[PDB]
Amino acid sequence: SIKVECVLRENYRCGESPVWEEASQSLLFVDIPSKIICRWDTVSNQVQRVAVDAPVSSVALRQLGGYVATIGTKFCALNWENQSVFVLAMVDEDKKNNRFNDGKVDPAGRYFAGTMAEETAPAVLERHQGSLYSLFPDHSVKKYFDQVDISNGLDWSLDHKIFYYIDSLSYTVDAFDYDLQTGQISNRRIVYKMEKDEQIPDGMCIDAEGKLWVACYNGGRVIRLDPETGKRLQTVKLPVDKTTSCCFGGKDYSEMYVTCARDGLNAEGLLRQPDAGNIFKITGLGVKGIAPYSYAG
């Protein structure tokens, strides 16, 4: 009784960073090269978009009101009403051609996000140019580690002592010891090795049983992993190859939303994947996810 359905047919170039906003029953996400932050009201079925002046790679809820996003190499704050967007902090001013990629807020309201050299084609870029950062409620920025190829999916264990992290071109899901009170991490190790047919690990979220779900870019699937054993538990395929990310949403976080891309597909690829770029929902997984945390600054 697992069902995969295409639920929003808007043909995004590279849908990414899905987050469920329970208060409005809306899905927030981005379409990266289209430079828009999107909010899809699942009830009225209307989509609203805020255009920004650079590629926008993630979006998160802002506790005091509105949203935050990573635009270019800048952490930004958004007031949805006035469509006002302003800079909270800048990173990689060091770099001629970087951008943020995936980001998510930690259980203490810190906005974690990492960067990458900009691509000329999917996974074609100058190597090791990224770093992982976090924006504290302070608006101060902590830099964690560099030498990242493409900073990607991330989440936190339910006990808040472990941080899970994907650098896409490492083809592994990694884990760190994590301290909730300070936001520090330590002891990086591999917890899952991607198989060849699982292609590039991209976005990731944890479920209520502590298992990890990873979107497989080019693999046309999400997989469920046990970070304690390093074994895959489950695979769910989708009719689009460039599955980018996933999050839980809907009633009690019982439904999974999956984003995907059409960028990089040739004419044949497009015809073979008519729903490339659209938003998918997966029902009947038999597990629930958890609420997103809101940024505390």
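So that there is no doubt, residue numbering starts at 1 and follows the sequence shown.
Asks: Using only the Cα atoms and their B-factors as the entry lists them, report which of 90-98 and 160-168 averages higher.
Replies: The entry gives the higher C-alpha B-factor average to 90-98.
Asks: Please work out which of 77-85 and 212-220 has the higher mean CA B-factor as recorded in the PDB entry.
Replies: Comparing 77-85 with 212-220, the higher mean C-alpha B-factor belongs to 77-85.
Asks: Return the residue from 70, 244, 63, 45 that has the highest Cα B-factor in the entry.
Replies: Checking the PDB record, the top C-alpha B-factor among 70, 244, 63, 45 is at 45.
Asks: By the entry's C-alpha temperature factors, tell me which of 134, 182, 199, 187 sits highest.
Replies: The C-alpha B-factor peaks, among 134, 182, 199, 187, at 187.
Asks: Can you tell me which third, lowest, middle or highest, the CA B-factor of residue 123 falls into for its chain?
Replies: Its C-alpha B-factor belongs to the highest third of this chain's values.
Asks: Please place residue 273 in the lowest, middle or highest third of its chain according to the CA B-factor in the PDB entry.
Replies: Middle third, going by the recorded CA B-factors of the chain.
Asks: By the record's CA B-factor, is residue 117 among the lowest, middle or highest third of residues in the chain?
Replies: Lowest third - that is where residue 117 ends up once the chain's C-alpha B-factors are sorted.
Asks: Comparing residue 19 with the other modelled residues of its chain, is its CA B-factor in the lowest, middle or highest third?
Replies: Residue 19: CA B-factor falls in the middle third of its chain.
Asks: Comparing residue 254 with the other modelled residues of its chain, is its CA B-factor in the lowest, middle or highest third?
Replies: Highest third, going by the recorded CA B-factors of the chain.
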